[PDB]
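Form deposited in one PDB entry, single chain, as structure tokens, below.
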């Protein structure tokens, strides 16, 4: 992810088949001739897509030009949360399935995984960051407090951002309950709120290298969203 001053990011295509699949996902959803109401509605929850991009001197080097959803914030607090019960896709080998389940064996149980966070602390004018090992260390016993940390600025719990996040996620949940054409594996929600205004958050769906056509509800994704909403809801009683 390369941040560009113009308010966009350049996401480098992942190696094949993942990069190519994410490109085709964005191209499908943002097709200029698309009249699919499910897909038109989905656009509301994704970063705006500005097409494929590569450097002038390097046609080989492929990127997705996307809206930087953090650009309108002064001190953006950012959390990446993987959603679903399975983070492997329907066509993974036994070895790949095993590797993906071992990366976080509670995925089925919890339905989501914190990939990282960057939280602005008001008193020090500084950020505290957590890497992938933070969320992977969380269990049922510690997920509520694990998620809460994102919304604590060193002085208070930002319950305004927690409540706004629930409301934004609820619209995404509604979309998932009104579609049976796509299932999403190893995809995330990107949470952003203002660290420095009240109730102002972004929640956007990202990471689409394992989105597949389907005939059914994405049950794993629904479970994950529901559980995530429940955890956030409990944090409002802190």
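What we label the rigid core is the largest C-alpha set whose atoms superpose within 1.5 Å from one form to the other. Numbering follows the first chain given and starts at 1.
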**Report entry** Unmodelled deposited residues between residue 196 and residue 197, binned
**Finding:** 4 to 9
Report summary line: Comparing 142-150 with 122-130, the higher average Cα temperature factor in the PDB entry belongs to 122-130
Query raised in the report: Comparing 59-67 with 178-186, which has the greater mean CA B-factor as deposited?
Result: 59-67
Query raised in the report: For the listed residues 42, 206, 211, 32, which one has the largest C-alpha B-factor as given in the deposited model?
Result: 32
Report task. Rank-wise, by C-alpha B-factor, drop residue 137 into the lowest, middle or highest third of its chain. Result -> middle
Report summary line: Tertile call for residue 191 (CA temperature factor, within chain, third-based) is the lowest
Query raised in the report: C-alpha B factor of residue 168, ranked within the chain: lowest, middle or highest third?
Result: lowest
Query raised in the report: Once the chain's modelled residues are ordered by C-alpha B factor and cut into thirds, is residue 217 in the lowest, middle or highest one?
Result: highest
Query raised in the report: Compared with the other modelled residues in the chain, in which third is the CA B-factor of residue 200?
Result: middle
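If you look for the form deposited in another entry, you will not find it shown, but the lines that follow are about it.
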Report summary line: Of 136, 118, 75, 159, the residue whose C-alpha shifts by 2 Å or more between the shown form and the other one, after superposition on the rigid core, is 159
Query - Threshold 2 Å Cα movement between the shown form and the other one at residue 212, rigid core reference - result: no
**Report entry** Rigid core superposition, residue 58 Cα moves 2 angstroms or more between the shown form and the other one
**Finding:** yes
Report task. Determine, after fitting the two forms on their core, whether residue 170 shows a C-alpha shift of 2 Å or more between the shown form and the other one. Result -> yes
Query raised in the report: How does the CA gap of residue 161 and residue 133 change in the other entry versus this form, closer or farther, if it moves 3 angstroms or more?
Result: farther
Query raised in the report: Taking the shown form as reference, are the C-alpha positions of residue 149 and residue 157 brought closer or pushed farther apart in the other entry, with a change of 3 Å or more?
Result: farther
